[PDB]
Structure formats: C-alpha cells, structure tokens
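Working notes for the structure below.
Both backbone and side-chain heavy atoms feed into the values below; hydrogens, waters and symmetry mates do not. Residues take their numbers from the sequence shown, with the count starting at 1.
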Amino acid sequence: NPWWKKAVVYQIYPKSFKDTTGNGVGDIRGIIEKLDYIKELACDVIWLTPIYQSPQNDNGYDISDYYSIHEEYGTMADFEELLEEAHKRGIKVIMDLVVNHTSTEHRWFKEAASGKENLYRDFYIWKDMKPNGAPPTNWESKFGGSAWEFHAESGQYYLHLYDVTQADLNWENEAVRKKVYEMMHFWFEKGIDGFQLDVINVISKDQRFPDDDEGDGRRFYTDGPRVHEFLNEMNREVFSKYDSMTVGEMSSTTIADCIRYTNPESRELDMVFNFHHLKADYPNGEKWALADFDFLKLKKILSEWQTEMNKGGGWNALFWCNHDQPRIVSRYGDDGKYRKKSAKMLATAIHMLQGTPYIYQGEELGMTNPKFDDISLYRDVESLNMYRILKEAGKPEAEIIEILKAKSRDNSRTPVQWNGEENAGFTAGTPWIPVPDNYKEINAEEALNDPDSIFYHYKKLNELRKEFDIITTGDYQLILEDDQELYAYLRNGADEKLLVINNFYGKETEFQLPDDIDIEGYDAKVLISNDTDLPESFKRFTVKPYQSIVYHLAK
Ligand SMILES: O=[N+]([O-])c1ccc(O[C@H]2O[C@H](CO)[C@@H](O)[C@H](O)[C@H]2O)cc1
Ligand SMILES: [Mg+2]
C-alpha cells in the first residue's frame with residue numbers, strides 16, 4: 001500500500017504561482033509561503049514543472065544544466081528549504097524529468113556538435129544527408145517542419161522531435177543512460193520524492209530510421225522497442241532505491257503499453273497520464289480548430305481506461321488540466337452562470353474514478369480561461385505566430401481572437417488569483433502575463449471564506465480519498481453509456497458501492513437506475529453533492545443543471 005495510491009497531487013507552474021520579489025514572475029519563495037494553503041486544500045504532493053537552468057527557448061523544457069535552478073525562480077537553498085518545509089507539513093515534492101532531449105546549449109551538445117570524433121558525439125542522434133539531398137528521414141518535428149537540423153561545422157543532421165534547440169538524447173548509448181541516472185540520484189539524495197517523466201515514451205527510436213509513408217514518423221519512436229527495457233533499467237538503477245512516486249507522461253500511447261508501464265510486476269513506472277480525454281473536442285484531430293466536445297466519446301475513453309487498467313493491474317494518473325490545456329470549467333463546464341456548480345461537477349466526475357488525482361493550480365478556485373480580447377495580452381509564441389498568419393490570410397480580427405480565446409496555450413498560464421488586490425495579489429510589480437478582470441470575484445481569499453466554494457468541495461473530495469477505501473479499491477462500472485447529458489457510473493466494492501451521477505450540461509434530465517444494478521439490501525447516503533436539492537429516491541429523479549451527486553451504498 002504505497003503512499004502515492006491515495007495521494008492528491010497539486011501541479012504548480014512556478015512562473016505563474018506566486019511572485020515574492022516584484023519582478024512579475026513566480027518564484028520558489030512564493031511556493032514556500034503557500035504551503036499552508038496547499039495543506040489546507042488537503043493535497044499531500046506538490047509537483048513542479050521544470051525550474052532547471054535553461055535558455056528558455058521552450059518554456060523550460062529545453063534544459064542546459066540539470067543540476068541547477070533557473071536563477072529567476074530562486075536558489076538551491078530556496079529549493080532545499082521548500083523540501084524541508086513541505087516535508088514538515090506531510091507534503092511530498094516531485095520534479096519534472098525531461099530527458100528525451102536537452103537544450104543545444106547543454107555542455108554535452110556544445111562538445112558533441114563540434115566534431116564527429118568528440119567524446120560526447122554519440123550523446124545525440126546524428127545522421128547524414130540522403131544522396132538525393134533529402135534529410136535522413138521524412139519525419140516531422142512536433143513543432144512542424146523536419147525533425148532533422150543540419151549542423152554545417154560537423155556536416156551531419158541531429159534529430160529533434162521537438163523544437164530546433166531541443167536535441168534528442170541517444171538512449172541507445174549506455175553512457176547517456178548512466179549520466180541521466182547519476183543526475184536523478186543527485187535529486188533523490190537531496191530528498192525529492194519522485195518525478196514526472198516528460199514524454200518518456202519516445203526515447204526508444206527504430207535504429208533503422210525508415211521513412212514513414214503513412215504518417216509523420218511517430219510510429220518509429222512512439223512506445224518503441226526498448227522503452228520498457230529502458231524504464232525497467234531506470235527503475236532498477238534509481239527508483240528501486242527510494243520511497244518514490246513516478247508518473248510518466250505518455251505521448252499518443254496505447255492502453256496495452258500503459259498497463260505494461262504501470263503494473264507493479266513490470267517494475268517500470270507507478271502511474272501514467274494519457275491525453276485522450278483531452279482531445280475530445282478536436283474535430284478531425286485539428287488541435288487549433290473550434291468544436292463542441294463529443295460527450296459520448298469522452299465517456300467511452302474514460303471508461304475504457306478505467307476498466308482495462310483495472311483489469312490489467314495498471315494505475316492511472318487522473319487530471320483535467322495542465323499548463324498546456326484550457327482550464328476545464330471553460331472547456332468542459334460552463335464558465336458562465338454555472339461556473340461554481342459545473343466546476344464542482346467536473347472535480348467529482350474525475351476524482352471518483354480509480355487512480356491518483358492531480359489538481360492544477362487555480363483549478364480549485366474555478367479559474368477560467370482569461371478571454372483576452374487583444375493580441376497585446378498574449379505571450380506564447382505559437383499564439384502570436386498563429387495570429388500573424390491568420391491575419392495575413394485575411395481572417396477578420398474577431399474570428400482570430402475567438403480562436404485564441406479557445407486554444408491559446410497562455411490560457412491556463414495566467415497568475416493564480418490570490419485575493420482582490422492589485423493583480424490579484426500575485427505580485428507587487430507587473431505580472432509577466434496579465435490577470436483577467438474576473439479576479440475580483442474569483443480568488444483564494446474569497447473562496448476560503450465561502451463554505452460553499454469550489455475550494456472546499458475539492459478539499460472534501462481530497463479527504464474522502466483518505467477516508468473511504470472504496471475510492472481506491474472499488475472497480476469501475478459505466479452506466480447510461482449512451483445518455484446525451486449524464487455521466488454516471490458505479491464503483492463496486494465488498495457489500496459497498498459508490499453511485500456517481502454527473503450532469504454534464506445545463507438542462508434538467510431524468511436519471512433512472514438500470515435494472516441490472518443489484519442493490520437489494522443496500523442503504524444509501526450522500527457522500528458528496530454540489531446541490532442541496534436532493535432526490536427523494538436516487539433510483540429515479542430529475543437531475544438539475546450541472547448537478548453532481550455521489551451516493552455511498554452499504555449493505
Ligand atoms: O516548449 N515547450 O515547453 C514545449 C515543448 C514540447 C511540447 O510538446 C510535447 O512535449 C513536451 C516535452 O518537452 C511535453 O512537455 C508536452 O507534454 C508535449 O505536449 C510542448 C511545449
Ligand atoms: Mg519573482
């Protein structure tokens with residue numbers, strides 16, 4: 001019974017969490033000051049997105065030194081004090097591990113690029129131009145364009161699956177794996193409690209490097225032939241030595257692989273995120289296109305991941321939000337009239353699944369997309385570039401702004417709204433990204449003083465996971481699969497059940513318990529609800545707009 005199984009993790013994006021220095025950028029001291037808040041929310045893990053030394057060409061995911069902290073966030077002494085104060089409050093700390101690639105400003109790369117005969121050359125993935133002048137493969141970077149960048153001085157291309165200054169490490173090379181493990185030991189011995197492993201499932205490449213005539217080439221590196229071998233080796237060398245938690249962030253992976261990644265017998269990872277439920281509103285897999293989410297598909301994806309991982313002995317990391325996705329109230333809830341109720345409903349819908357839940361900073365306040373209506377308010381380079389291109393293509397300003405409001409990666413990066421003071425109390429200076437005007441109504445101080453707040457609903461869900469074992473051990477059973485508005489399911493235990501009923505829309509609808517649900521001899525009590533208007537009988541009743549109810553059934 002490992003500590004991570006009943007944990008709730010709070011995801012912090014430090015640059016937007018809390019500025020204590022006045023430069024408008026969040027810092028580690030700001031995190032320390034907020035530990036009591038995190039503890040009050042009843043999270044027992046904190047996860048920091050990358051804070052390592054980095055040129056910042058790619059939001060910190062381009063690391064030039066894994067052993068030091070980007071100066072703006074604070075000092076190593078600050079970090080060590082964060083670990084000490086977190087641990088004092090019973091809070092564990094996990095870091096972001098980004099080892100598929102490094103910055104091309106990393107010393108290994110600078111050495112490696114300098115000549116084909118340099119000691120570090122094989123730390124990266126180098127290939128010759130094809131005789132026909134083509135790049136070594138037709139693979140595409142996830143940033144667009146070719147995944148190979150030519151280096152004139154040495155006469156070869158290096159592989160970058162991501163941005164140009166993010167060079168893929170050569171995991172075929174034992175020296176590299178060894179270096180990475182040494183670095184992980186450094187952080188564990190400092191006392192951190194685990195890692196999120198960034199796109200870890202793309203580290204094994206097909207060493208034949210064939211062309212892809214059926215896609216962009218991801219089938220030659222996604223969940224590749226040695227990934228499970230590398231993860232298990234990583235587990236033997238590192239993770240097995242500490243009381244650790246590891247969560248792998250898998251890029252377009254499959255359920256069968258994730259079962260293998262997370263089954264305790266594999267000795268690979270503890271849990272994984274997948275992103276399938278967060279592609280439910282992409283029409284034709286077009287990531288920037290507007291569309292309504294496909295509810296039935298959403299329910300099918302969630303259910304499949306619950307039942308198959310449960311069956312296979314895998315473990316899911318449960319989440320709606322991160323620094324790259326729209327805030328969920330705005331995306332799948334109603335950030336208008338039903339902001340509070342729909343935010344509570346969304347939290348319940350996911351937290352009553354089997355898995356380890358993750359809360360993204362500000363999600364517990366029901367923070368919304370900021371709805372910035374002028375390009376001068378945006379920051380992310382992909383947003384600025386998309387605006388520039390759509391403008392040149394003649395799209396009216398208002399239509400471009402509507403796209404950015406739905407899709408900009410800036411949207412979940414606005415500063416956490418602490419209070420009703422200037423810039424919501426995030427900073428005394430000028431924030432690196434603006435705070436939208438809702439902050440006067442949406443902020444921690446307000447939520448903390450409202451017993452009916454989204455915050456306290458999350459706190460209660462968090463404590464429930466510690467109080468009721470069935471949340472962890474019960475199976476999952478989808479019901480009302482084809483219902484156009486309700487997401488309802490059971491968690492089945494030993495003479496004990498949870499019945500979870502969520503209205504995903506703002507209309508009234510009928511719930512009726514299916515005949516094949518056997519609850520003879522079971523007594524019902526409300527475990528948690530977002531509405532005091534409770535049905536006389538849960539077996540058939542009219543569900544209110546965005547109503548969410550969980551019943552504890554015991555025999
Ligand atoms: O510049 N960036 O910060 C950046 C870099 C890459 C990126 O795409 C992808 O690869 C990342 C690995 O780095 C993962 O973190 C992320 O989950 C995934 O979507 C998104 C943003
Ligand atoms: Mg600061």
Could you tell me whether a side-chain N or O of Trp418 sits under 3.5 Å from a main-chain N or O of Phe17, the two making a donor and an acceptor?
yes
Can you find a heavy atom in the side chain of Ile12 that is under 4.5 Å from one in the side chain of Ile38?
yes
Can you list every salt bridge (charged side-chain N to carboxylate O under 4.0 Å, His left out) pair that touches residues 323-336, not counting sequence neighbours?
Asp281-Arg331, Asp324-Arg413, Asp335-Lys371
Spatial distance of atom CG (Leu231) from atom CG (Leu197) [nearest 0.5 Å]:
7.0 Å
Just by distance, do the side chain of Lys466 and the backbone of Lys6 share a donor-acceptor pair under 3.5 Å?
yes
Answer yes if the ring centres of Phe195 and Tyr242 are under 6.0 angstrom apart, and no otherwise.
no
Taking only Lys NZ, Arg NE, NH1 and NH2, and the carboxylate oxygens of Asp or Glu, determine whether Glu304 and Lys300 approach each other closer than 4.0 Å.
no
Side chain proximity check, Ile94 to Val45, heavy atoms < 4.5 angstrom:
yes
Can you find a heavy atom in the side chain of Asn274 that is under 4.5 Å from one in the side chain of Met250?
no
Value rounded to 0.5 Å, distance of NZ in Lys497 from CZ in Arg491:
12.0 Å
Is it the case that the side chain of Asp193 and the backbone of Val93 share a donor-acceptor pair, with hydrogens and angles ignored and the cut-off at 3.5 Å?
yes
Can you name the residues that form a salt bridge (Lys or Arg N to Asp or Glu O under 4.0 Å) with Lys459, not counting sequence neighbours?
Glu463
Examine distances only and state if a side-chain atom of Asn502 and a backbone atom of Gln547 form a donor-acceptor pair shorter than 3.5 Å.
no
Charged N to carboxylate O below 4.0 Å: is that the case for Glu481 and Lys299?
no
Distance-only side-chain donor-acceptor flag, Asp223 / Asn201, under 3.5 Å:
yes
Would you please say whether a donor-acceptor pair under 3.5 Å links the side chains of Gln354 and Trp305?
no
Checking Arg29 now: which residues fulfil salt bridge (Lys or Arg N to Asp or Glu O under 4.0 Å) with it, not counting sequence neighbours?
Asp78, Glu81
What residues form a salt bridge (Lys or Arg N to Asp or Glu O under 4.0 Å) with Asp450, not counting sequence neighbours?
none
Return yes if some donor-acceptor pair links the side-chain N/O of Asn263 with the main-chain N/O of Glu265 below 3.5 Å, else return no.
yes
Among all residues two or more places apart in sequence or in another chain, which pass the side-chain contact (heavy atoms from CB on, under 4.5 Å) test with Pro283?
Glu286, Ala289, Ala291
Expected output: side-chain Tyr378 to main-chain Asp410 donor-acceptor under 3.5 Å:
no
With no hydrogens and no angle check, do the side chains of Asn443 and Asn419 hold a donor and an acceptor under 3.5 Å apart?
no
Quick check: does any side chain N or O of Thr262 sit under 3.5 Å from a backbone N or O of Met271, one acting as donor and the other as acceptor?
no
So how far is it from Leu486 CG to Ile479 CD1, rounded to the nearest 0.5 Å?
9.0 Å
Between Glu496 and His552, does the side chain to side chain contact (heavy atoms under 4.5 Å, CB included) criterion hold? Intermediate values first, please.
CA-CA 7 Å; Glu496 182 186 27; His552 187 240; 2.5 Å; yes
What closest approach, in Å, do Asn100 and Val199 show between heavy atoms, and which atom pair accounts for it?
CB-CG2, 4.2 Å
Under the side-chain contact (heavy atoms from CB on, under 4.5 Å) test, residues paired with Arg267 that sit two or more places apart
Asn232, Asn235
Under the rule for ring pair (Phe, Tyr, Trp, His ring centres under 6.0 Å), what residues qualify as partners of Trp187, not counting sequence neighbours?
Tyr52, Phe79
Centroid-centroid under 6.0 Å between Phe273 and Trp315 rings:
no
Set of side-chain contact (heavy atoms from CB on, under 4.5 Å) partners for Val25, sequence neighbours left out:
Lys15, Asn23, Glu72, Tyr73, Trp432
Once side-chain contact (heavy atoms from CB on, under 4.5 Å) is applied, do any residues pair with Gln484, and if so which ones, sequence neighbours excluded?
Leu296
Residue pairs fulfilling salt bridge (charged side-chain N to carboxylate O under 4.0 Å, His left out) with at least one residue in residues 521-534, sequence neighbours excluded:
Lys341-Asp531, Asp533-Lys544
Can you confirm if the aromatic rings of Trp320 and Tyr332 lie within a centre distance of less than 6.0 Å?
yes
Side chains of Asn411 and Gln325, donor plus acceptor under 3.5 Å
no
Counting distance only, does the side-chain N/O of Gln477 pair as donor-acceptor with the main-chain N or O of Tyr489 below 3.5 Å?
no
Residue pair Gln196 / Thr246, side-chain heavy-atom distance below 4.5 Å:
no
Which word best sums up how the rings of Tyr487 and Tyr476 line up, parallel for under 30°, tilted for 30 to 60°, or perpendicular for over 60°?
tilted
Yes or no on salt bridge (charged side-chain N to carboxylate O under 4.0 Å, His left out) for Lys190 and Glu80, after CA distance, side-chain angles and deciding distance?
CA-CA 8 Å; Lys190 197 175 290 286; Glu80 289 166 17; 3.2 Å; yes
Parallel, tilted or perpendicular: which describes the rings of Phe295 and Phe293, with under 30° parallel and over 60° perpendicular?
perpendicular
Output yes when a side-chain donor or acceptor of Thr348 lies under 3.5 Å from a complementary backbone atom of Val550, and no otherwise.
no
Within-4.5 Å side-chain heavy-atom neighbours: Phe426 and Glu421
no
Do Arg339 and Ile454 make a side-chain contact, defined as non-hydrogen atoms from C-beta onward lying under 4.5 Å apart?
yes
Polar side chain donor-acceptor pair, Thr542 to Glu510, under 3.5 angstrom
yes
Can you name the nearest heavy-atom pair linking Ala447 to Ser453, along with the distance?
O-OG, 2.9 Å
Could you give the side-chain donor-acceptor pairs of residues 357-365 under 3.5 Å, partners two or more places apart or in another chain?
unit_1: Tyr360; atom_1: OH; unit_2: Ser412; atom_2: O; d: 2.8
unit_1: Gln361; atom_1: OE1; unit_2: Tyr13; atom_2: N; d: 2.7
unit_1: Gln361; atom_1: NE2; unit_2: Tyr13; atom_2: O; d: 3.2
unit_1: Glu363; atom_1: OE1; unit_2: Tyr360; atom_2: N; d: 3.0
unit_1: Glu363; atom_1: OE2; unit_2: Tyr458; atom_2: OH; d: 2.6
unit_1: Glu364; atom_1: OE1; unit_2: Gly362; atom_2: N; d: 3.0
unit_1: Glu364; atom_1: OE2; unit_2: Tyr10; atom_2: OH; d: 2.9
unit_1: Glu364; atom_1: OE2; unit_2: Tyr37; atom_2: OH; d: 2.5

Between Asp36 and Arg89, is the closest basic N to carboxylate O distance under 4.0 Å?
yes
Determine whether the aromatic ring centres of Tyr61 and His323 lie less than 6.0 Å apart.
yes
Ignoring hydrogens and geometry, is there a side-chain-to-backbone donor-acceptor pair from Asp27 to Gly30 under 3.5 Å?
yes
Look up atom CG in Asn503 and atom OG1 in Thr509, then write down how far apart they are to the nearest 0.5 Å.
4.0 Å
Side chains of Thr254 and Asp257, donor plus acceptor under 3.5 Å
yes
Would you say that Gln512 contacts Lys539 through its side chain, given a criterion of any heavy-atom pair below 4.5 Å between the two side chains?
no
So do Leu490 and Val500 actually touch side chain to side chain, heavy atoms under 4.5 Å?
no
The criterion is salt bridge (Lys or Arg N to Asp or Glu O under 4.0 Å); which residues satisfy it with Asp452, sequence neighbours excluded?
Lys344
